[PDB]
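Trainee: What follows is a single structure, and I will ask about it in a moment.
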Amino acid sequence: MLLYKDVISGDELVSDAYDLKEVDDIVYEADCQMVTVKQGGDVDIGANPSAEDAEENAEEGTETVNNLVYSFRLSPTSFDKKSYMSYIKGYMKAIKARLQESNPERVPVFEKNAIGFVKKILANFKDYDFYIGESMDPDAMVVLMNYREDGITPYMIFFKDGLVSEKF
């Protein structure tokens, strides 16, 4: 029920309606489940000439999708290996300033903890993928999608430093 949004440019990055766990480091984890819904194509809010919506006569088009991405229309975008270093570097520094203006005591704990997680993320930045909200900003809240140690549990992480809690 809790709603967490970013102030830099995340806009509703995740919520507790699913489940959130903060790792000893400084990030939250919102688990997502798969649900089957009847979708008949969308392609943005308008962008098609003429169609029939028939395809076959033995299946309409049921597609399972995460409940967090569907409710928050999460939008995953492609990225570059070297481009990732520039986004995490200029983004980490951006937060460093937000602490100095708000809480300067979070500058050191945030640097050491965030530095450790970044080192374990580069080991497989591809397996963590890179998501982005409708804001379309490579310097806003960045969420990564990774499967637990099992693989049957899809979960994403949201930097707690750039995540606030909102009560209904």
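1 is the number of the first residue of the sequence shown in PDB author numbering; add one for each residue after it. Even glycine gets a Cβ: it sits at the ideal position worked out from N, Cα and C.
(1) Nearest-angstrom Cα distance between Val35 and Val65?
(2) Determine the contact status of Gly61 and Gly162, defining contact as a CB-CB distance below 8 Å.
(3) What is the residue span of the beta strand (DSSP E) that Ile157 lies within?
(4) In angstroms with no decimal places, state the Cα-to-Cα distance between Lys82 and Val109.
(5) How should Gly46 be labelled, buried or exposed, when 16 other C-beta atoms within 10 angstroms of its C-beta is the threshold for buried?
(6) In whole angstroms, give me the CA-to-CA distance for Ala51 and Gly41.
(7) State buried or exposed for residue 172, treating a residue as buried only when at least 16 other CB atoms are found within 10 Å of its CB.
(8) With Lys38 as the anchor, note down where its beta strand (DSSP E) starts and where it stops.
(9) Helix, strand or coil: which one does DSSP assign to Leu20?
(10) Among all the DSSP beta bridges, which residues are the ones paired with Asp25?
(11) Specify the secondary structure class of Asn57 as computed by DSSP and reduced to three states.
(12) Please state the DSSP three-state secondary structure of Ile45.
(13) In angstroms, rounded to a whole number, what distance separates the CA positions of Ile95 and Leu68?
Mentor: Quick look at the numbers:
(1) Mapped onto the sequence shown, residue 35 falls at position 35. Mapped onto the sequence shown, residue 65 falls at position 65. One C-alpha to the other measures close to 6 Å.
(2) Mapped onto the sequence shown, residue 61 falls at position 61. Mapped onto the sequence shown, residue 162 falls at position 162. For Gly61 and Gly162, no; Cβs fall outside 8 Å.
(3) As a working mapping, residue 157 is identified with position 157 in the sequence shown. Element bounds for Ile157: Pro154 to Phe159.
(4) For the purposes of this step, residue 82 is taken as residue 82 along the sequence shown, with counting starting at 1. For the purposes of this step, residue 109 is taken as residue 109 along the sequence shown, with counting starting at 1. Going from the Cα of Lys82 to the Cα of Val109 covers about 26 Å.
(5) Locating residue 46 in the sequence shown gives position 46, counting from the first residue. Answer is exposed; the Cβ neighbour count stays below 16.
(6) Residue numbering aside, residue 51 sits at position 51 when the sequence shown is read from its first letter. Residue numbering aside, residue 41 sits at position 41 when the sequence shown is read from its first letter. Between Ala51 and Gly41, the C-alpha separation is close to 11 Å.
(7) An answer regarding residue 172 cannot be provided, because it is not within the stretch 1 to 168 covered by the chain.
(8) Position 38 of the sequence shown holds residue 38. Where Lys38 is concerned, the enclosing beta strand (DSSP E) stretches over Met34 to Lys38.
(9) As a first step, residue 20 must be located in the sequence shown, where it is residue number 20. If DSSP states are grouped into helix, strand and coil, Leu20 belongs with the strands.
(10) Here residue 25 refers to the residue found at position 25 when the sequence shown is read from its first residue. According to DSSP, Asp25 bridges with nothing at all.
(11) Here residue 57 corresponds to residue number 57 of the sequence shown, with the count starting at 1. It is coil, neither helix nor strand.
(12) Against the sequence shown, residue 45 aligns to sequence position 45. In the structure shown, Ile45 sits in coil (DSSP, three-state: anything other than H, G, I, E or B).
(13) Taking the sequence shown and counting its residues from 1, the one referred to as residue 95 is at position 95. Taking the sequence shown and counting its residues from 1, the one referred to as residue 68 is at position 68. Cα to Cα, the separation comes out at about 25 Å.
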